[PDB]
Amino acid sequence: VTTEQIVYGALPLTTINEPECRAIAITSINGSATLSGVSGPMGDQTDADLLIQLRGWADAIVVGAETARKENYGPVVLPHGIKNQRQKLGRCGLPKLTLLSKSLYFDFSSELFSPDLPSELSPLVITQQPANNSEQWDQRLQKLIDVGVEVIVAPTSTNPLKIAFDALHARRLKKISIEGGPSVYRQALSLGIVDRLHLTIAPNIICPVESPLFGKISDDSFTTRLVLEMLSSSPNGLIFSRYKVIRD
């Protein structure tokens, strides 16, 4: 079972050109997304490859800024082969990285925020007008603007994932990978926009659960059932699973 199978195989013609949103996530067997505050250490090479494979499938990546930060995200890269398969299929070489940030706090030493970064590598920042004012946020927005980063400010009322989802669709970006933030997974599930889930289950137990896989913002509860479509494991004993998310 290859990563290409996991991402592309045993599917209908919905690939052909149908919009699709997928969430990709890693968890301990008991539902923690993090070990020592990060997800990376739980993953192995197979898992890292699968993320890249799904990125090769995606038109856009949606991720919470703090997850992007903690996971040392940089400008999106893809293997020479994938980018070429993409471009020949008339697709942009790289998916658009979309960062959800209510604070707008970013590390500007990152290449993601260099003023001369090629535009296709520049992240789309999605934020919200803060309800009660923050001069930090104002100053941060300005800094982003001054380096040339595109920032969409959602209204105070609105849902930032819905906004991102629309901004990306309105941009003809149809395949969306949500690489997380538990709270991002959570907002997406409860909006019902996740069609499939790639979940890696790492051979570890973490007590207490550092970071509940789908968030601890109990606010609005929900359950849902899944259809297992693909099941596999790495030689390090990580389980890779693809589920279809069942609506209503």
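So that there is no doubt, residue numbering starts at 1 and follows the sequence shown.
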property: Given 216-224 and 201-209, the range whose Cα B-factors average higher in the PDB entry; result: 216-224
property: CA B-factor ranking of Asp107, expressed as a third of its chain; result: highest
property: Chain-wide C-alpha B factor ranking for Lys175, given as lowest, middle or highest third; result: lowest
property: Third of the chain, ranked by Cα B-factor, where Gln136 sits; result: highest
property: Within-chain third of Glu71 by Cα B-factor, per the entry; result: middle
property: Third of chain Cα B-factors occupied by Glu18; result: highest
